[PDB]
């Protein structure tokens, strides 16, 4: 009922070797992965390494490129559009949790903190 399956374990971070770097023609899902990674790294900077999940997820956006590129679906392009708002809401929620802040103050802090960190990230993109 069953083929011969042999897993070739290797020690260490080998995963980068497995990435398929070749871009789709229209609506690259991989490009979506890159933008989402950038947004997640921004939220990780704001939350200031108090939340390693965001960094891990940014890392996964790279790992996801083990699957060959294809055009993105509409649910995928909408999710990438909704991501910023959703990260801001997480930061907001976290700031009500950790600090005393009322929801609307937390949201205002989150939006401004995110916008500013996003600008710094963009202006620190290398040549």
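Positions refer to the first chain, counted from 1.
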Problem set entry | Selected stretch [higher average CA B-factor]: 25-33 or 58-66 | 25-33
Seminar exercise, completed: Avg C-alpha B-factor, entry values, 70-78 vs 35-43, higher side is 70-78
Exercise. What third of the chain, by the recorded C-alpha B-factor, contains residue 83?
Worked result: middle
Seminar exercise, completed: Chain-relative C-alpha B factor for residue 92 (record values, thirds): the middle
